[PDB]
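**Q** my complex, first installment, coordinates as in the assembly:
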Amino acid sequence: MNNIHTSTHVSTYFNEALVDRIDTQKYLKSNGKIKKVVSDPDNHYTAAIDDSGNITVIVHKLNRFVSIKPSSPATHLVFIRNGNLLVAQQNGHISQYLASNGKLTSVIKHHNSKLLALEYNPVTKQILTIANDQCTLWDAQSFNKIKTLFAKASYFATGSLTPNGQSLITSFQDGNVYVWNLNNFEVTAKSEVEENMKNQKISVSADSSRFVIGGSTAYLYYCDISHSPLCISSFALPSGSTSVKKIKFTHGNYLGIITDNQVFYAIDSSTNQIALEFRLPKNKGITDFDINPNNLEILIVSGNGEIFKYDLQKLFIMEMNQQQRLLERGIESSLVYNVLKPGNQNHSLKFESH
C-alpha cells in the first residue's frame, strides 16, 4: 500500500494528439515487450529492442520496420548522413549495417565490456564508444579507428562527445570528470570530486557549453562553460530518486533524464529546474527516445508497443498551460518544477575546463 501505476503518466499524454497510429501488433510478436530503443541521431529510425531478438528499426511513415535478424540488442544505435547504421551491441561488439537495407557493412571491436555507450558527433564524423576502461573514438565511416582515449588510473566510468561542436568529456568511478583534447590524448581539464558515481554517462549539449552527470546515486551535476569551474553546481533530486540511466540534450535548455524510479524528467539549465515529471508502467516501461532539438520533437519508443509522436514542447505547454493559467496568478515555475539549488563543495563534481 499504495504504489503508483500504470501507464497513467505516459500514454495519457503521449497519445494526446496523434497524426498516425503505431499498429503495435505489426511490431511486437514477442512474448515480451520493448525494453529499449537504440537510435538515430536524425531521430526517425527508432529501433526496438525487446526481450526476444531480431532487433528492428521502426520507420514511422511506413508503419513498417527494418528487420535485422540477429537477436543481439544494442546499447545504442547510430545512424548517419549516408544511410548507414552502427549498432552498439550489448555483446561487446558494434555492428554497422546499411540502415536502409539492414545489410552488414562492418564490426568494431576493441571493447571488452558490458557497456558500449555510444554517442555520435556529426560534425567530426566521430563515433565514440564508452566501454570497459576507455573511449574508442573513430571516423564515423566505421571501418578504422582513430585512437582510443584511456583511463589508466581509477576505473573509467564513462564519457561523451559534443555533436554540434568538438570535445570529449569523460569520468572516473570516483566521479572525477575531465575534458580531453580530442586530437592529443590530452586531458587539459581536470576535476577532483566527492561524489563517487557508478553506472553513469556524461551527457553533452550539442554545442557543449553545458554538460550533466548521471550515475548510481540520485544526484545530478551541472556544467556551464561560461563559468568556472565548468562543473559549477550540483544537487539532489525529488524524493524517490535512485540512480540515473540516461540524459539527452536539446537546443532549448534542456536535459531529458531517465531516472530508475521509472520517471522521465526534463530539466531547464538556466536555473537547473525540472520542467517535466513523467512515469512509465511495469513491463512496457521507460524504454528510450529520439529528439528534434529545435522543437523538441519526440520520437520515443515506449515499451508498450507505442511510439510517440509527442514532443517536449507539447508536454511542456501542457505543463506550462497549467502554469500560464496560473502565471496570470503569479505561479513560480521554478518551484513547480523542482528547481534544485547548489549546496556545499564536499559532495560536488566541480570541474575546471578550457
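**A** Received it, and whenever you're ready, just let me know what you need. Numbers count the residues shown, from 1 in each chain, chains lettered A, B, ... in the order given.

**Q** show me where the stretch 101-250 of chain A has its strands.
**A** A:103-108, A:117-121, A:126-131, A:134-139, A:147-150, A:156-161, A:168-172, A:177-181, A:186-189, A:202-204, A:210-213, A:219-224, A:231-236, A:244-249 (DSSP state E, counting those that start in this stretch).

**Q** residues in contact with the second one?
**A** Under the criterion CB atoms under 8 Å, 6 or more residues apart in numbering, residues A:41, A:75-78, A:80, A:86, A:88, A:94, A:126-131, A:140, A:158-163, A:166, A:201, A:204 lie in contact with strand A:117-121. The C-beta positions use only the backbone N, C-alpha and C, and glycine is treated the same way.

**Q** dump stretch A:304-319 to CSV, keeping only the CA atoms.
**A** What follows is stretch A:304-319, C-alpha atoms only, in CSV (Å, rounded to 0.1, in the frame of the first residue of the first chain):
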residue,chain,number,x,y,z
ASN,A,304,4.1,-0.7,-24.5
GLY,A,305,4.5,-1.0,-28.2
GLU,A,306,3.7,2.6,-28.8
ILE,A,307,5.9,5.1,-30.4
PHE,A,308,5.3,8.7,-29.8
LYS,A,309,4.8,11.3,-31.6
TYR,A,310,4.5,13.6,-28.7
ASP,A,311,7.1,16.2,-28.0
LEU,A,312,8.6,18.0,-25.2
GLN,A,313,7.2,21.3,-26.3
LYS,A,314,3.6,19.9,-26.3
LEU,A,315,4.2,18.2,-22.9
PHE,A,316,5.9,21.5,-21.7
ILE,A,317,3.0,23.6,-22.9
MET,A,318,0.6,21.2,-21.2
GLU,A,319,2.6,21.8,-18.0
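
**Q** list the buried residues of that stretch.
**A** For stretch A:304-319, burial by neighbour count (16 or more other CB atoms under 10 Å) applies to A:304-316, A:319.

**Q** what's the answer for stretch A:7-24, then?
**A** A:7, A:9, A:10, A:11, A:13, A:14, A:15, A:22.

**Q** among these, which two are most distant?
**A** Pairwise distances among the buried residues of stretch A:7-24 were taken by CB to CB; the largest, 18.9 Å, belongs to A:9 and A:22.

**Q** can you give me the strands for the stretch 251-354 of chain A?
**A** A:254-259, A:263-268, A:273-279, A:288-292, A:297-302, A:306-311.

**Q** was I right to think residue A:181 contacts residue A:170?
**A** No - applying CB atoms under 8 Å as the test, residue A:181 and residue A:170 come out as separate, 11.9 Å apart.

**Q** between those two, which one's more packed in?
**A** residue A:170 (23 against 14; other CB atoms under 10 Å).

**Q** quick one, what contacts residue A:283?
**A** Contacts of residue A:283 (CB under 8 Å, 6+ apart): A:33, A:303.

**Q** now with 6 Å?
**A** Residues near residue A:283 by CB atoms under 6 Å, 6 or more residues apart in numbering: residue A:33.

**Q** can you check the one 4 residues further on too?
**A** The contact partners of residue A:287, by CB under 6 Å, 6+ apart, come to A:34, A:36, A:37, A:301, A:302, A:303.

**Q** and chain B, same structure:
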Amino acid sequence: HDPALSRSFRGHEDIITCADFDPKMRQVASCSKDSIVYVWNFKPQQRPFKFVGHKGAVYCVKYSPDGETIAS
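**A** Same chains as before, plus chain B:
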C-alpha cells in the same frame, strides 16, 4: 453503505486462501490450497478459468496493476 456479500464464486472445491483484481472492474482472481487457481469475471454469465499448477498450496494471487498477468 452495506458490507454487501454479493455473488460468490461458485466452485472452489475446498480450502480458499486468496483473491485479487483485474481493474477492469472486475475479473476476480482467487486461489485454493491445492493445485488450483482461478480467474473469472462477473457478469456471472462469464465462465471462470481454472488454472492447473501449484500442486502445493497457493497462498496468494495478485494481478499486475493493469490486470494482465496473474501472479500466483
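
**Q** so, the contacts of residue A:287 revisited with chain B in the model?
**A** Going by CB atoms under 6 Å, 6 or more residues apart in numbering or on different chains, residue A:287 touches A:34, A:36, A:37, A:301, A:302, A:303.

**Q** mind listing what residue B:52 touches?
**A** Going by CB under 6 Å, 6+ apart, the list of residues near residue B:52 is empty.

**Q** 7 Å instead?
**A** B:35, B:36 (CB atoms under 7 Å, 6 or more residues apart in numbering or on different chains).

**Q** so what's it bridging to?
**A** Note on residue B:52: beta-bridge partners by DSSP bridges are residue B:36.

**Q** enumerate the residues of chain B near chain A.
**A** For chain B, the contact set with chain A under CB under 7 Å from any CB of the partner chain comprises B:64, B:65, B:66.

**Q** redo these as JSON lines? Include secondary structure.
**A** Below are the residues of chain B next to chain A laid out as JSON lines (DSSP: H, G, I helix; E, B strand; the rest coil):
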{"residue": "B:64", "secondary structure": "coil"}
{"residue": "B:65", "secondary structure": "coil"}
{"residue": "B:66", "secondary structure": "coil"}
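
**Q** hmm, back to that, for the contacts of residue A:287, which one is nearest residue A:224?
**A** Of the contacts of residue A:287, the one sitting nearest to residue A:224 (CB to CB) turns out to be residue A:37, at 29.4 Å.

**Q** contacting residues around the residue of chain B found nearest chain A?
**A** At 3.5 Å from chain A, residue B:65 is the closest residue in chain B, using CB to the nearest CB. Contact analysis of residue B:65 by CB under 7 Å, 6+ apart lists A:5, A:6, A:282.

**Q** go again using 10 Å as the cut-off
**A** Residues in contact with residue B:65 (CB atoms under 10 Å, 6 or more residues apart in numbering or on different chains) are A:3, A:4, A:5, A:6, A:7, A:8, A:281, A:282, B:22, B:23.

**Q** now, which of the residues you listed sits nearest residue A:229?
**A** residue A:4 (37.9 Å).

**Q** give me the secondary structure label for that closest one.
**A** Residue A:4 is classified as coil under three-state DSSP.

**Q** how about the nearest residue to it, chain neighbours excluded?
**A** residue A:279 (6.8 Å; CB to CB, 6 or more residues apart in numbering or on different chains).

**Q** over to residue A:340?
**A** That would be residue A:235: by CB to CB, 6+ apart, it lies 3.8 Å from residue A:340.

**Q** gap between that neighbour and residue A:342?
**A** 6 Å (CB to CB, to the nearest Å).

**Q** now the common contact residues for these two.
**A** Common neighbours of residue A:235 and residue A:342 (CB under 10 Å, 6+ apart) are A:222, A:272, A:348.

**Q** tabulate the residues you listed (TSV), appending neighbour count and distance to chain B.
**A** Putting the shared contacts of residue A:235 and residue A:342 into TSV (neighbours: other CB atoms under 10 Å in any protein chain shown; distance: CB to the nearest CB, whole Å) gives the following:
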residue	neighbour count	distance to chain B
A:222	21	35
A:272	24	33
A:348	23	39
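
**Q** and residue A:186, how many neighbours does it have?
**A** As a burial measure, residue A:186 scores 11 neighbours (other CB atoms under 10 Å in any protein chain shown).

**Q** list the contacts of the residue of the stretch 1-150 of chain A found nearest chain B.
**A** As assessed by CB to the nearest CB, chain B sits closest to residue A:5 within the stretch 1-150 of chain A, at 3.5 Å. By CB under 10 Å, 6+ apart, the residues touching residue A:5 are A:279, A:281, A:282, B:23, B:64, B:65, B:66.
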